[PDB]
Amino acid sequence: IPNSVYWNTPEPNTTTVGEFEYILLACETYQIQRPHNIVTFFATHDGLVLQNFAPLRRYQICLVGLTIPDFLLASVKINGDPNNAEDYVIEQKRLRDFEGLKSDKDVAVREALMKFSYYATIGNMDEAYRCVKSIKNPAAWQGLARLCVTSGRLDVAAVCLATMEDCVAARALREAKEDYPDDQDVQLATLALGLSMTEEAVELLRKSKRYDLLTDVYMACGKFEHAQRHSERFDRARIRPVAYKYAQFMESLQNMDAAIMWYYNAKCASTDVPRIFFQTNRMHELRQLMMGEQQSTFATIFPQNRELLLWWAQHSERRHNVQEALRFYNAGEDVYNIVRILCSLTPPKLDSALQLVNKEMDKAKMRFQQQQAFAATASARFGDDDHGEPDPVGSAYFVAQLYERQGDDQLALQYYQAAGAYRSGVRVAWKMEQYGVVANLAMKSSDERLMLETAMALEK
Amino acid sequence: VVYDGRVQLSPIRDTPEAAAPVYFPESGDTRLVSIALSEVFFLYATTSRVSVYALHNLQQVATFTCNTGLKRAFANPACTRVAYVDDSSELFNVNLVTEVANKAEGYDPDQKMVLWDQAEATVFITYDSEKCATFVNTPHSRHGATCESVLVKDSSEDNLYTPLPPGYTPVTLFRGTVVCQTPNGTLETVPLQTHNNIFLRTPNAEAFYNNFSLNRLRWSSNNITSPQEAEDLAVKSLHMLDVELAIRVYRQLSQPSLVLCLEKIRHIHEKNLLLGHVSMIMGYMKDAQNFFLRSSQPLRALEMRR
Amino acid sequence: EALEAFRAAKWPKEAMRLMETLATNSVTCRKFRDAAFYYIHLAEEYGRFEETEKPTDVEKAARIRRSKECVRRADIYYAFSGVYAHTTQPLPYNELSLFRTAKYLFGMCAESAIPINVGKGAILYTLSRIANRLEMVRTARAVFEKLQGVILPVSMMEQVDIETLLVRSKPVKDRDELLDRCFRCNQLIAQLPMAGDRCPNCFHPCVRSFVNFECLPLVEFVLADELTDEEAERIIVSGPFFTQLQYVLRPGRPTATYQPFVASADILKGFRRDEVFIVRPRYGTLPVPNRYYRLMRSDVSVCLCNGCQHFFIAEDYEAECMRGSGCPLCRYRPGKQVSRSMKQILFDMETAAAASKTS
Ligand SMILES: [Zn+2]
Ligand SMILES: [Zn+2]
């Protein structure tokens with residue numbers, strides 16, 4: 001509901017005021033301590049074109065006059081007394097599109113800025129571009145760029161950015177154009193972000209989905225505790241980057257507690273929690289954990305983290321502590337490393353290696369037989385010669401190597417085939433003066449080189 | 001050992017298989033001033049040159065020639081950085097790896113003795129019998145490697161008035177504490193005025209400013225009390241090519257476009273590229289152009305100029 | 001698992017988006033092996049279009065460029081994983097492999113752009129330390145003097161300075177057995193290679209393995225314009241250069257662009273069948289010509305992972321395949337088609353329910 005209307009009153013003894021500057025109308029409105037708004041219109045022949053709204057604060061009591069570029073308000077002091085009748089001081093609130101007015105005698109710039117505001121309200125920004133060329137105040141360029149955001153024109157907006165020498169925002173716009181050429185809404189969002197207006201990025205492509213970019217924006221505003229709770233319910237594909245970014249944020253804050261717990265929460269404790277402990281020279285505490293009320297939280301999770309067990313096993317293995325490595329590998333059930341260690345030791349503990357290799361062959365056979373028997377129901381009527389094979393066990397490789405070092409090459413060939421080492425299989429098969437095993441292993445390799453050379457190997 | 005103006009280097013455990021002691025310098029034209037010894041480096045400063053030798057083989061590795069002469073030398077405990085006073089009563093920090101001398105700004109030659117901190121390798125102190133001042137050397141800022149005395153805030157050149165407390169005899173520096181060998185023989189401890197409150201993470205202006213002036217920026221981020229301090233820390237973190245801290249500070253400062261720009265360059269370690277990107281962000285396009293030009297990615301000034 | 005299911009059931013839009021998110025997560029969380037795998041298969045996915053849409057040649061080029069870029073990123077990240085692990089994690093390594101890995105990383109980080117979370121500082125520190133340890137003193141000095149123009153973490157420069165000053169005392173004599181050999185120019189590589197890991201002498205890119213990064217005896221030659229890849233395969237199936245190779249090294253040539261060898265029909269007739277390798281870049285359904293390589297020293301066993309089309313040493317690739325993830329880069333497993341038996345995922349979820357219902 002309005003209360004009063006006001007035209008732009010020209011200044012006393014100032015007859016050089018522009019024509020369009022005479023036609024701007026300001027209205028004081030309040031919604032149904034009430035909100036206050038001041039709304040601006042251009043009283044054109046075609047009707048009333050709305051320019052902009054302007055909310056007023058609690059101390060801003062009302063509007064008394066308009067004199068461009070200022071609403072003249074008989075307000076009270078922010079810390080003053082509204083009950084006081086004597087605290088009625090005038091405030092010249094700037095027009096929203098009259099920012100950066102360094103000179104109060106700036107006449108041509110003010111007139112061309114008013115013309116630009118009129119043309120922006122009309123909208124067809126092609127000559128609104130020329131409305132500001134006379135102006136060298138960069139605030140006019142910023143307002144033009146905001147208009148370019150609201151409209152959706154970017155070739156003007158690139159010049160709008162690059163004439164203010166905002167090389168950060170121009171770089172962002174160029175990268176958005178280069179990487180996302182099909183989508184223009186993302187480039188508009190990048191431009192809006194470079195213009196220090198941030199609520200628009202979600203509103204741009206809210207439900208048509210761009211959850212990753214708004215997650216990055218939510219992080220970039222320092223609102224981690226908003227981004228993580230947004231992504232937990234709404235964007236499940238990027239919980240780990242939010243946790244990792246918060247962990248890096250805490251590490252740069254020199255708070256190893258939260259940094260370590262969030263590097264745990266990001267499922268990157270295989271490489272990053274040991275990084276922090278090793279680069280803080282806190283390796284004694286890590287050894288203590290691997291082999292205090294707040295330490296309960298750490299010790300609840302740390303000793304049984306399978307990735308941590310595996311990393312500590314590798315660490316002690318390369319620290320020339322073979323037996324502690326074996327202990328931690330068995331605690332982490334990494335079959336391949338255990339078999340490698342056992343086949344590497346002097347003496348090579350061959351029987352336990354064979355037992356673990358055959359246990360994994362047993363599990364692989366179980367999976368292959370389960371899938372084959374599951375598939376054979378429809379293969380009862382459908383005759384299929386699907387010569388599927390169980391997943392070969394890589395850990396068997398070392399075992400064959402042991403027989404490869406013991407002259408039991410006939411035994412080694414079986415484990416090489418069980419490992420999938422077709423090249424090592426034919427390497428073994430050479431010395432038997434055998435060719436059929438060579439040929440069928442080459443076929444089973446299913447790689448062109450393995451028959452491509454064994455062809456003329458057989459021809460000689 | 002220094003006798004007759006020459007230094008003999010000899011093994012301690014006299015064994016027949018041990019080699020003969022050697023004598024330095026090789027040319028007697030230059031009078032020796034000071035020496036220092038590390039586990040692997042033998043450093044001696046004449047009035048002309050500072051020379052370093054590898055103890056395992058005794059070959060010259062670094063030889064920085066002081067054109068303005070040498071009056072005194074003070075080598076860092078690792079025998080790589082030498083704070084040396086020439087004949088002109090000015091102090092120069094010398095990195096012997098790059099053989100680069102930097103003028104110690106703010107150096108008053110009243111304090112003629114220099115002691116490196118035994119914990120932090122980027123802090124030393126200049127003292128006389130009366131008082132001491134603190135110097136921090138940054139290995140890489142946007143202005144290259146620098147060395148500046150710690151100054152009082154709201155004081156660009158001078159430091160605070162110092163009515164000298166009597167009797168104190170500074171002897172050694174460690175973590176901002178000066179071990180002073182008293183005449184009585186006991187070792188008093190004097191905390192540095194530039195290292196007070198630097199171990200509290202509560203909001204306090206003094207803590208932030210002291211850790212700010214010592215290039216302990218990441219620590220100083222815990223003691224921020226006002227956004228003015230925050231933006232100062234952001235500018236300084238960009239200044240010394242610390243991208244990660246720049247992102248960390250700017251996350252509070254609500255400048256998301258800058259944060260998303262910095263996150264693309266937080267990984268590059270070449271110094272020229274970081275200098276160019278940081279100068280462009282700060283707005284120094286001209287310097288950024290030549291920084292990119294002498295870099296390994298020259299085609300970035302082109303995209304900048306477009 | 002969702003990505004694998006999308007890979008099985010076409011629908012390239014959602015597979016594209018999910019693979020972007022996964023590769024980005026691997027890069028930002030520094031899971032460089034995961035990022036290398038995601039990018040090398042993302043390049044292959046960039047040739048996948050819906051059957052309802054037939055792209056223009058413009059879109060085919062706009063996706064071929066991204067396929068090649070993602071192959072390059074995958075190579076860089078896979079190479080950089082071990083170097084970053086050595087720099088940060090307290091784990092030893094293989095000396096020669098890490099040395100050649102850092103050498104290749106230098107050859108690929110010189111003028112081309114740098115992928116995210118790849119640091120030149122780690123590469124230079126690693127190469128310097130290993131070259132010092134492996135008595136590669138000249139290269140150690142070169143990397144050390146280059147290191148001053150690269151910043152480092154706040155707790156590294158002490159040992160860096162000590163090693164820079166210490167290596168100056170050591171004599172400058174590099175061993176020739178640890179130096180890369182460019183077989184095209186038939187000359188060793190003593191200097192640091194330029195961008196693209198090309199030869200210092202004849203600008204030839206190094207045909208390297210991707211486990212230990214050793215320059216395999218392979219030279220790259222492109223067919224002449226009157227021959228095509230189909231015609232090349234036809235003439236390979238159906239059927240001096242000593243004078244020619246000398247003219248290649250003649251002075252005055254433009255030294256800002258690589259000049260590959262040119263293949264004619266008669267030289268392909270004279271070529272032995274085992275001495276030619278054909279690389280078909282698996283970018284998807286996009287048309288990309290097949291590259292051709294010549295092998296002259298048969299004493300070294302080379303192979304090519306069909307899922308990845310990268311060169312490896314055959315025994316080294318076989319040994320690395322035993323880690324339970326196929327090829328170390330693309331995780332390709334032979335003996336089965338591209339579309340696996342995805343019922344394995346259903347049994348895995350069955351086993352997960354079983355482990356939940358154990359107690
Ligand atoms: Zn060459
Ligand atoms: Zn592969």
# chains A, B, ... in the order shown; residues from 1 in each chain; ligands from 1
>>> select_by_dssp(residues="region 115-324 of chain C", states="strand (DSSP E)", output="PDB file with C-alpha atoms, in the first residue's frame")
ATOM      1  CA  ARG C 181      68.785 -44.033 -24.997  1.00  0.00           C
ATOM      2  CA  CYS C 182      66.904 -42.558 -27.957  1.00  0.00           C
ATOM      3  CA  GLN C 187      72.260 -41.359 -29.284  1.00  0.00           C
ATOM      4  CA  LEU C 188      72.043 -41.299 -25.502  1.00  0.00           C
ATOM      5  CA  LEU C 218      60.508 -48.520 -30.366  1.00  0.00           C
ATOM      6  CA  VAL C 219      60.454 -45.701 -32.902  1.00  0.00           C
ATOM      7  CA  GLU C 220      57.323 -43.929 -34.110  1.00  0.00           C
ATOM      8  CA  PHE C 221      56.575 -43.702 -37.832  1.00  0.00           C
ATOM      9  CA  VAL C 222      53.405 -42.353 -39.440  1.00  0.00           C
ATOM     10  CA  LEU C 223      52.083 -43.605 -42.770  1.00  0.00           C
ATOM     11  CA  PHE C 261      59.261 -40.771 -39.897  1.00  0.00           C
ATOM     12  CA  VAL C 262      57.202 -41.375 -43.038  1.00  0.00           C
ATOM     13  CA  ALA C 263      56.087 -44.856 -44.099  1.00  0.00           C
ATOM     14  CA  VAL C 276      55.845 -53.523 -36.370  1.00  0.00           C
ATOM     15  CA  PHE C 277      53.488 -52.511 -33.561  1.00  0.00           C
ATOM     16  CA  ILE C 278      50.062 -51.026 -34.270  1.00  0.00           C
ATOM     17  CA  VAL C 279      48.476 -48.795 -31.634  1.00  0.00           C
ATOM     18  CA  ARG C 291      49.806 -45.075 -34.850  1.00  0.00           C
ATOM     19  CA  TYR C 292      52.671 -47.294 -35.945  1.00  0.00           C
ATOM     20  CA  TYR C 293      55.939 -48.180 -34.239  1.00  0.00           C
ATOM     21  CA  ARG C 294      59.020 -50.114 -35.320  1.00  0.00           C
ATOM     22  CA  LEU C 295      60.971 -52.457 -33.041  1.00  0.00           C
ATOM     23  CA  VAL C 302      57.327 -55.534 -25.083  1.00  0.00           C
ATOM     24  CA  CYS C 303      53.555 -55.787 -24.737  1.00  0.00           C
ATOM     25  CA  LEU C 304      50.479 -53.599 -25.114  1.00  0.00           C
ATOM     26  CA  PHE C 311      53.348 -49.998 -23.961  1.00  0.00           C
ATOM     27  CA  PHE C 312      54.825 -52.087 -21.160  1.00  0.00           C
ATOM     28  CA  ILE C 313      57.661 -54.496 -20.635  1.00  0.00           C
TER      29      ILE C 313
END
>>> interface_residues(of="chain C", to="chain A", cutoff="10 Å", atoms="only C-alpha atoms", output="JSON, numbers by chain")
{"C": [18, 21, 22, 24, 25, 26, 27, 28, 29, 30, 31, 85, 88, 89, 90, 91, 92, 93, 155, 273, 274, 275, 277, 302, 303, 304, 305, 306, 314, 315, 317, 318, 319, 320, 321, 322, 323, 324, 325, 326, 333, 334, 335, 336, 341, 343, 344, 347, 348]}
>>> residues_near_ligand(ligand="ligand 2", cutoff="6 Å", atoms="only C-alpha atoms and all ligand atoms", output="mmCIF file with C-alpha atoms, in the first residue's frame")
data_model
loop_
_atom_site.group_PDB
_atom_site.id
_atom_site.type_symbol
_atom_site.label_atom_id
_atom_site.label_comp_id
_atom_site.auth_asym_id
_atom_site.auth_seq_id
_atom_site.Cartn_x
_atom_site.Cartn_y
_atom_site.Cartn_z
ATOM 1 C CA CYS C 305 47.514 -53.738 -22.744
ATOM 2 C CA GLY C 307 42.248 -52.181 -22.484
ATOM 3 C CA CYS C 308 44.748 -49.324 -22.237
ATOM 4 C CA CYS C 327 46.673 -53.604 -15.741
ATOM 5 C CA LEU C 329 46.683 -48.185 -15.131
ATOM 6 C CA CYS C 330 43.377 -49.158 -16.765
ATOM 7 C CA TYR C 332 41.938 -54.447 -17.839
#
>>> residues_near_ligand(ligand="ligand 1", cutoff="9 Å", atoms="only C-alpha atoms and all ligand atoms", output="ChimeraX atom specification")
/C:181-189,198-206
>>> write_last_selection(atoms="N, CA and C atoms", output="compact mmCIF listing (two decimals), in the first residue's frame")
# COMPACT_ATOMS: atom_id res chain seq x y z
N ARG C 181 68.26 -43.93 -23.64
CA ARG C 181 68.79 -44.03 -25.00
C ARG C 181 67.66 -43.78 -25.99
N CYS C 182 67.86 -42.83 -26.89
CA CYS C 182 66.90 -42.56 -27.96
C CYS C 182 67.31 -43.37 -29.18
N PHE C 183 66.50 -44.38 -29.51
CA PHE C 183 66.84 -45.31 -30.58
C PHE C 183 66.63 -44.72 -31.96
N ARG C 184 65.80 -43.68 -32.09
CA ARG C 184 65.62 -43.04 -33.39
C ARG C 184 66.89 -42.33 -33.84
N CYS C 185 67.46 -41.51 -32.97
CA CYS C 185 68.71 -40.82 -33.26
C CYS C 185 69.93 -41.67 -32.95
N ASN C 186 69.74 -42.82 -32.30
CA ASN C 186 70.82 -43.73 -31.91
C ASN C 186 71.85 -43.04 -31.02
N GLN C 187 71.39 -42.09 -30.20
CA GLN C 187 72.26 -41.36 -29.28
C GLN C 187 71.64 -41.35 -27.90
N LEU C 188 72.50 -41.32 -26.88
CA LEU C 188 72.04 -41.30 -25.50
C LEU C 188 71.41 -39.95 -25.16
N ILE C 189 70.67 -39.94 -24.06
CA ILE C 189 70.07 -38.73 -23.52
C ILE C 189 70.84 -38.36 -22.27
N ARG C 198 60.59 -35.56 -25.04
CA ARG C 198 61.19 -35.79 -26.35
C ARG C 198 62.71 -35.86 -26.25
N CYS C 199 63.32 -36.44 -27.27
CA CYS C 199 64.76 -36.55 -27.32
C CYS C 199 65.40 -35.17 -27.41
N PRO C 200 66.47 -34.91 -26.65
CA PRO C 200 67.21 -33.65 -26.84
C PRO C 200 67.83 -33.52 -28.22
N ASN C 201 68.25 -34.63 -28.83
CA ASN C 201 68.94 -34.56 -30.11
C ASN C 201 67.97 -34.43 -31.27
N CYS C 202 67.09 -35.42 -31.45
CA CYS C 202 66.24 -35.49 -32.63
C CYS C 202 64.76 -35.31 -32.32
N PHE C 203 64.44 -34.75 -31.15
CA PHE C 203 63.07 -34.41 -30.75
C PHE C 203 62.14 -35.62 -30.74
N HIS C 204 62.68 -36.83 -30.68
CA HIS C 204 61.85 -38.02 -30.71
C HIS C 204 61.26 -38.28 -29.33
N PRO C 205 59.94 -38.40 -29.20
CA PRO C 205 59.36 -38.80 -27.91
C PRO C 205 59.81 -40.19 -27.52
N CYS C 206 59.98 -40.40 -26.22
CA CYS C 206 60.49 -41.65 -25.69
C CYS C 206 59.35 -42.65 -25.53
>>> closest_atom_pairs(of="chain B", to="chain C", cutoff="8 Å", atoms="only C-alpha atoms", output="tab-separated table")
residue	atom	partner	partner_atom	distance
B:53	CA	C:169	CA	8.0
B:54	CA	C:166	CA	6.5
B:57	CA	C:169	CA	7.4
B:58	CA	C:169	CA	7.9
B:59	CA	C:169	CA	5.6
B:60	CA	C:169	CA	6.9
B:61	CA	C:168	CA	5.5
B:62	CA	C:165	CA	7.3
B:78	CA	C:158	CA	7.9
B:80	CA	C:161	CA	7.2
B:97	CA	C:165	CA	6.3
B:98	CA	C:148	CA	7.9
B:140	CA	C:151	CA	7.7
B:264	CA	C:116	CA	6.8
B:265	CA	C:116	CA	7.9
B:266	CA	C:117	CA	7.7
B:267	CA	C:117	CA	4.8
B:268	CA	C:119	CA	5.5
B:269	CA	C:120	CA	5.4
B:270	CA	C:150	CA	4.4
B:271	CA	C:150	CA	4.9
B:272	CA	C:149	CA	7.3
B:296	CA	C:111	CA	6.0
B:297	CA	C:111	CA	6.0
>>> closest_atom_pairs(of="chain A", to="chain B", cutoff="12 Å", atoms="only C-alpha atoms", output="Markdown table")
| residue | atom | partner | partner_atom | distance |
| --- | --- | --- | --- | --- |
| A:158 | CA | B:306 | CA | 10.6 |
| A:159 | CA | B:306 | CA | 10.4 |
| A:161 | CA | B:306 | CA | 11.9 |
| A:162 | CA | B:306 | CA | 8.6 |
| A:163 | CA | B:306 | CA | 11.0 |
| A:164 | CA | B:283 | CA | 11.0 |
| A:165 | CA | B:283 | CA | 8.1 |
| A:166 | CA | B:283 | CA | 8.3 |
| A:167 | CA | B:304 | CA | 7.1 |
| A:168 | CA | B:281 | CA | 6.4 |
| A:169 | CA | B:257 | CA | 6.9 |
| A:170 | CA | B:304 | CA | 9.0 |
| A:171 | CA | B:304 | CA | 7.9 |
| A:172 | CA | B:261 | CA | 7.1 |
| A:173 | CA | B:257 | CA | 10.5 |
| A:174 | CA | B:303 | CA | 9.2 |
| A:175 | CA | B:261 | CA | 10.3 |
| A:176 | CA | B:261 | CA | 11.8 |
| A:189 | CA | B:257 | CA | 10.9 |
| A:190 | CA | B:257 | CA | 8.1 |
| A:191 | CA | B:257 | CA | 9.3 |
| A:192 | CA | B:257 | CA | 9.6 |
| A:193 | CA | B:257 | CA | 6.1 |
| A:194 | CA | B:257 | CA | 5.5 |
| A:195 | CA | B:257 | CA | 8.7 |
| A:196 | CA | B:255 | CA | 7.5 |
| A:197 | CA | B:256 | CA | 9.9 |
| A:198 | CA | B:256 | CA | 8.4 |
| A:199 | CA | B:256 | CA | 11.8 |
| A:201 | CA | B:256 | CA | 11.6 |
| A:213 | CA | B:260 | CA | 10.5 |
| A:214 | CA | B:256 | CA | 11.2 |
| A:215 | CA | B:260 | CA | 11.8 |
| A:216 | CA | B:260 | CA | 8.1 |
| A:217 | CA | B:256 | CA | 6.7 |
| A:218 | CA | B:256 | CA | 8.8 |
| A:219 | CA | B:251 | CA | 7.8 |
| A:220 | CA | B:256 | CA | 4.9 |
| A:221 | CA | B:254 | CA | 5.2 |
| A:222 | CA | B:251 | CA | 4.6 |
| A:223 | CA | B:251 | CA | 8.4 |
| A:224 | CA | B:251 | CA | 9.7 |
| A:245 | CA | B:248 | CA | 10.1 |
| A:246 | CA | B:248 | CA | 10.0 |
| A:247 | CA | B:248 | CA | 11.2 |
| A:248 | CA | B:244 | CA | 8.5 |
| A:249 | CA | B:248 | CA | 6.0 |
| A:250 | CA | B:248 | CA | 8.8 |
| A:251 | CA | B:218 | CA | 9.4 |
| A:252 | CA | B:245 | CA | 6.1 |
| A:253 | CA | B:218 | CA | 6.2 |
| A:254 | CA | B:219 | CA | 6.7 |
| A:255 | CA | B:222 | CA | 9.4 |
>>> write_last_selection(atoms="C-alpha atoms", output="CSV table (one decimal), in the first residue's frame")
chain,number,residue,atom,x,y,z
A,158,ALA,CA,33.2,-9.9,-20.9
A,159,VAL,CA,34.1,-6.4,-21.9
A,161,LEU,CA,34.5,-7.3,-16.6
A,162,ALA,CA,37.7,-6.7,-18.5
A,163,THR,CA,37.4,-2.9,-18.6
A,164,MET,CA,37.4,-2.9,-14.8
A,165,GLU,CA,40.5,-5.1,-14.9
A,166,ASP,CA,38.9,-7.8,-12.7
A,167,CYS,CA,41.3,-10.4,-14.2
A,168,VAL,CA,40.2,-13.0,-11.6
A,169,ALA,CA,36.5,-12.8,-12.7
A,170,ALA,CA,37.5,-12.5,-16.4
A,171,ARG,CA,39.7,-15.6,-16.0
A,172,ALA,CA,36.8,-17.4,-14.4
A,173,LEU,CA,34.5,-16.4,-17.2
A,174,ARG,CA,36.9,-17.5,-19.9
A,175,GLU,CA,37.4,-20.8,-18.2
A,176,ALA,CA,33.7,-21.3,-17.8
A,189,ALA,CA,26.4,-18.1,-12.4
A,190,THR,CA,30.2,-17.7,-12.6
A,191,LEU,CA,29.7,-14.1,-13.7
A,192,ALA,CA,27.2,-13.4,-10.9
A,193,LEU,CA,29.8,-14.9,-8.4
A,194,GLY,CA,32.5,-12.7,-9.8
A,195,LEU,CA,30.2,-9.7,-9.3
A,196,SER,CA,30.0,-10.3,-5.5
A,197,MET,CA,26.3,-11.5,-5.6
A,198,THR,CA,26.2,-15.0,-4.2
A,199,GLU,CA,22.5,-16.0,-3.5
A,201,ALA,CA,24.0,-19.5,-8.0
A,213,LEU,CA,29.0,-26.3,-8.3
A,214,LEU,CA,26.8,-25.0,-5.6
A,215,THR,CA,28.6,-27.3,-3.2
A,216,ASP,CA,31.8,-25.7,-4.2
A,217,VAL,CA,30.3,-22.2,-3.8
A,218,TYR,CA,28.9,-23.2,-0.3
A,219,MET,CA,32.4,-24.3,0.7
A,220,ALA,CA,33.9,-21.1,-0.8
A,221,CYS,CA,31.8,-18.9,1.5
A,222,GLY,CA,33.2,-20.6,4.6
A,223,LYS,CA,29.9,-22.4,5.2
A,224,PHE,CA,31.3,-25.9,5.5
A,245,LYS,CA,38.4,-29.9,2.1
A,246,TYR,CA,37.4,-29.5,5.8
A,247,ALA,CA,40.4,-31.6,6.7
A,248,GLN,CA,42.8,-29.4,4.6
A,249,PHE,CA,41.1,-26.4,6.2
A,250,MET,CA,41.9,-27.6,9.7
A,251,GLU,CA,45.4,-28.7,8.7
A,252,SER,CA,46.1,-25.1,7.5
A,253,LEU,CA,44.6,-24.0,10.9
A,254,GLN,CA,47.2,-26.1,12.7
A,255,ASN,CA,44.6,-28.2,14.6
>>> residues_around(residues="residue 272 (chain C)", least_positions_apart="4", cutoff="9 Å", atoms="only C-alpha atoms", output="PDB file with C-alpha atoms, in the first residue's frame")
ATOM      1  CA  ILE C 236      51.332 -55.888 -43.405  1.00  0.00           C
ATOM      2  CA  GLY C 239      53.947 -58.619 -47.186  1.00  0.00           C
ATOM      3  CA  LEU C 268      56.268 -51.850 -45.228  1.00  0.00           C
ATOM      4  CA  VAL C 276      55.845 -53.523 -36.370  1.00  0.00           C
TER       5      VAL C 276
END
>>> atom_distance(atom1="CA of residue 78 (chain C)", atom2="CA of residue 34 (chain C)")
8.6 Å
>>> select_by_dssp(residues="region 154-346 of chain A", states="alpha helix (DSSP H)", output="PyMOL selection string")
chain A and resi 155-162+167-179+185-194+200-204+211-220+224-233+239-251+256-265+273-279+283-290+295-301+306-318+322-331+335-344
